[PDB]
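Participant: Below is a structure I'd like to ask you about.
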Amino acid sequence: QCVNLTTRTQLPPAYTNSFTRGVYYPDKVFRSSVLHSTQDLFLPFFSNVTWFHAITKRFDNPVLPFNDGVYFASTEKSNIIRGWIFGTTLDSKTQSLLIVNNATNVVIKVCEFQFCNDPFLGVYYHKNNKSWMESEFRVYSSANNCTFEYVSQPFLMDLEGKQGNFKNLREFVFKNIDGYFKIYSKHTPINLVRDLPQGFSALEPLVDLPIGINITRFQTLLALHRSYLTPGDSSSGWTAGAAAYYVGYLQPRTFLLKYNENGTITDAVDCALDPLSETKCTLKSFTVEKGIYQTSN
Amino acid sequence: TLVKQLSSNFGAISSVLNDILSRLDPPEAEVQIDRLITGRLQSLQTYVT
Amino acid sequence: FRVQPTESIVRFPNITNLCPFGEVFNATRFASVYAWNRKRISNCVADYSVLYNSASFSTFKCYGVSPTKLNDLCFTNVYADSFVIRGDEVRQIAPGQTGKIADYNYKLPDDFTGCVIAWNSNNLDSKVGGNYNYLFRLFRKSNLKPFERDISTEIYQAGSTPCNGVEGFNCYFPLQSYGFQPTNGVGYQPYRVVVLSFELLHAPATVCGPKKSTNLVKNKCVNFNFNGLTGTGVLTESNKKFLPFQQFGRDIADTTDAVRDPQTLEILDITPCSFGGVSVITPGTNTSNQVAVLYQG
Amino acid sequence: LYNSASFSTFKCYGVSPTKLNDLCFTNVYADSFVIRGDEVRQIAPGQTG
Ligand SMILES: *[C@@H]1O[C@H](CO)[C@@H](O)[C@H](O)[C@H]1NC(C)=O
Ligand SMILES: *[C@@H]1O[C@H](CO)[C@@H](O)[C@H](O)[C@H]1NC(C)=O
Ligand SMILES: *[C@@H]1O[C@H](CO)[C@@H](O)[C@H](O)[C@H]1NC(C)=O
Ligand SMILES: *[C@@H]1O[C@H](CO)[C@@H](O)[C@H](O)[C@H]1NC(C)=O
């Protein structure tokens, strides 16, 4: 069932900077007009995040690591990125998580899967009509056991292969603690072709699926566009599309958060970024006046 | 500081007396209540001084 | 001066499910101690009193909680671990007790909250020919962390001589069998052990005891019980904009001043009942015996 | 003694040979004799013969 895609000129991925991005709500307690300090896993301010271009033959879906959490941001217009695979070895010898977004089904299965060398989703231009569906949905071989086959309603998403200036930013935070796979998500419209926008947004909790499996690596599922020009063979026969996605990793950091009167997080301070940030964290204020202050030992 | 000193465990299982009294029988609850009482007394004495 | 409560109200979620405690406690097969199984219980009504007096259990110890009050508390994601152990090693299943089975097998945390239950299985799980289906790990390089399972079998190496898998001198198989026979004494009779582990609620909790709900009363000094949250105050409608994932609120002093009703899903303010000091104005008992009273604030 | 023992049976009861060095005893008694090979099983803490 497996195929070996070829003709992919691998290049060293670019690196960009995350400016004040990746903050989420750390608990479900409602707060208002208060400055609260919390210690958790966050994406550090002004951090270096690698950049992947899914657009010669620069196509990349490598098996990235999963270190204490991952911040995932994607800027697209044609929904090229559908979902992610999580697991340890992806060799059907261990339970592997799966998340997919397709109209036919949204398999949120947690079953042993024999993942191929290049797990991918193939959206192909049919001849009878402009109908788009998976060409090789057999990314696995067989589910020996399914522990959490909690398939939700199949997400209805448009399928087409087009390229244009990006229109929306989808940001995600993945954590795996105490057998809970937590997801925080957001959606903000932006119109740029450059690196991550400079802005502050707080991600709201999405789901708290209790999969409880071991996760070490992860890979992104991408929609391969088989066209009439391409031969159609599962080695080089597909079209490019336009997409971009970024990866960052979470670390244990202490943050000072600001809640407005409506209860939304509007600003944050990373204490360990600078001595000025340590001074702000010690004084529990976002402004510091003239003087000399002792901050640590 | 006196109001913020009301959220310290002082070695007990919790800083809320209602949680202690709703989860433990009296002979075992008194042991945690004593620690809470000691801590809060010390805080009050420091404020008065 | 203190205003006294007039009544009491209790509000619990309307869940009709019954927790499947029957199947876990008495099933066909119980695993061996070195590889214990874990069953997760959620979204049901649990009646621990019937378990408290179902059968003559050998021991029923609860740590951090009292068995009589288990019926009035709400928990989240109750766990249940079952295994078969020797009679003499039951004392090492208590938290903080060092021993062979605690060091190299099932280990409880120091801050363990829950109940440990054991009973005698010599009437059924004692074969005259000998029960060798139950194993245990006798050699291990280091101490096990709390709530950790080991399923990897490798030849233990003692001394400078390397085993290299020959299983010869200074090399032993980590697993050792059991000799449960009816001819053995009471100390060697096998005992089945079930450990219930509770975690306190911060997310919404659905594992609650069978407590009937009462009607909600507002604008009166009343005692309330919201999913275990106990207190006294006046419940009033509030305009605070709780987000859908938020269940209660807090102030600067970190006191619960808002709550969401588990049944009707409405937001209620919590205000403590009126109180103050009392002062008595007197003109001197020599002059007269008439007094005036001032109520502070 | 334990390392490169070349002994037919080096068995310690109630203690590990590797950890014998750390903890300190006093008045160690050394009893020696000669038995048959088939009688080795009889020399055990809890056997007979
Ligand atoms: C998870 O998988 C890794 C392999 O990447 C392994 O080293 C580890 O022991 C496994 N278990 C845990 C609890 O990390
Ligand atoms: C809070 O929400 C109200 C209602 O939309 C809005 O008018 C007000 O500007 C908000 N406050 C902010 C954004 O600080
Ligand atoms: C298992 O335990 C339940 C509860 O005590 C009891 O009603 C049931 O009969 C038991 N089943 C067996 C097979 O012993
Ligand atoms: C049961 O609880 C739900 C909330 O999940 C509520 O909408 C419904 O009205 C309740 N039913 C009754 C009979 O109280």
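Protein chains in written order, with my numbering: chain A, 1 to 297; chain B, 1 to 49; chain C, 1 to 297; chain D, 1 to 49. Positions of the beta carbon are idealized from the N, C-alpha and C atoms, including for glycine.
1) Suppose contacts are defined by Cβ-Cβ distances below 8 Å. Is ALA272 of chain A in contact with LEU257 of chain A by that definition?
2) Quick check: is the beta carbon of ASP254 of chain C nearer than 8 Å to any beta carbon in chain B?
3) Please report the straight-line C-alpha distance between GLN247 of chain C and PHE30 of chain A, rounded to a whole angstrom.
4) State yes or no: is the beta carbon of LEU243 of chain C nearer than 8 Å to at least one beta carbon in chain A?
5) Measure from the C-beta of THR214 of chain C to each C-beta in chain B and report whether the shortest distance is under 8 Å.
6) Using DSSP with H/G/I as helix, E/B as strand and the rest coil, what is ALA29 of chain B?
7) Closest by CA to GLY22 of chain C, which one among C:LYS39, C:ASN239, C:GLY64 and C:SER8?
8) Give the interface partners of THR230 of chain C over in chain B, defined as CB-CB distance under 7 Å, in chain order.
9) Report the residues of the region 147-175 of chain C with a CB closer than 7 Å to any CB of chain D, ordered along the chain.
10) Cα separation between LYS11 of chain D and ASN143 of chain C?
11) Assign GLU154 of chain C to buried or exposed, taking buried as 16 or more other Cβ atoms, counted over all protein chains shown, within 10 Å of its Cβ.
12) At what residue ranges does the region 152-230 of chain A contain a whole run of the beta strand (DSSP E), taking only runs of 3 or more?
13) Cβ of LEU24 of chain B within 8 Å of Cβ of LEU36 of chain B?
14) Less than 8 Å between the C-beta atoms of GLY237 of chain A and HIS225 of chain A, yes or no?
15) Go through its chain and collect everything with a Cβ distance to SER15 of chain B's Cβ below 8 Å, but skip five positions before and after it.
16) Taking 8 Å as the CB-CB limit, is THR48 of chain D close to chain C?
17) With contact counted as at least three CB pairs below 8 Å, one residue from each stretch, are the region 130-147 of chain C and the region 163-176 of chain C in contact?
18) Roughly how many whole angstroms lie between the Cα atoms of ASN77 of chain C and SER42 of chain C?
19) Can you list the residues near ligand 4, meaning Cβ strictly closer than 7 Å to any non-hydrogen atom, in the order they appear in the chain?
20) Report all residues from its chain with a CB closer than 8 Å to the CB of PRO45 of chain D; omit the five preceding and five following residues, and keep chain order.
21) Looking at ligand 2, does it come within less than 7 Å of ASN260 of chain A, judged from the CB to the closest heavy atom?
22) What number of angstroms, rounded off, separates the C-alpha of residue 312 of chain C from the C-alpha of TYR184 of chain A?
23) Between which two residues does the beta strand (DSSP E) carrying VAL123 of chain A extend?
24) What does the Cβ neighbour count give for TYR106 of chain C, buried or exposed, with the cut at 16 atoms within 10 Å?
25) Could you spell out the range, first to last residue, of the alpha helix (DSSP H) harbouring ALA102 of chain C?
26) Go through the region 9-58 of chain C residue by residue and report every complete run of the alpha helix (DSSP H) that reaches 4 residues or more, in order.
27) In terms of residue numbering, what span does the alpha helix (DSSP H) encompassing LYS280 of chain A cover?
28) Using a C-beta cutoff of 8 Å, does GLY291 of chain A count as contacting chain C?
29) Considering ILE267 of chain C, what are the terminal residues of the beta strand (DSSP E) in which it resides?
30) Using CA coordinates, which residue listed in C:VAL195, C:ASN289 and C:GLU237 is at the minimum distance from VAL24 of chain C?
31) From the DSSP output, in three-state form, read off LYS258 of chain A for me.
32) Using only CA atoms, which one of A:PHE115, A:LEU121, A:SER96 and A:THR282 lies nearest to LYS109 of chain A?
Facilitator: Working from what's here:
1) no
2) yes
3) 8 Å
4) yes
5) no
6) helix
7) C:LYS39
8) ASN18 and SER22
9) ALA158, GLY159 and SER160
10) 23 Å
11) exposed
12) 168-177, 180-189, 202-209 and 217-226
13) no
14) no
15) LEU6, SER7, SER8, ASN9 and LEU36
16) no
17) yes
18) 5 Å
19) C:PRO13, C:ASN14, C:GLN263, C:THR264 and C:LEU265
20) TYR13
21) yes
22) This structure cannot speak to residue 312 of chain C, because chain C is shown only from 1 to 297.
23) 121-124
24) buried
25) 100-104
26) 21-25 and 48-52
27) 275-283
28) no
29) 267-271
30) C:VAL195
31) strand
32) A:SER96
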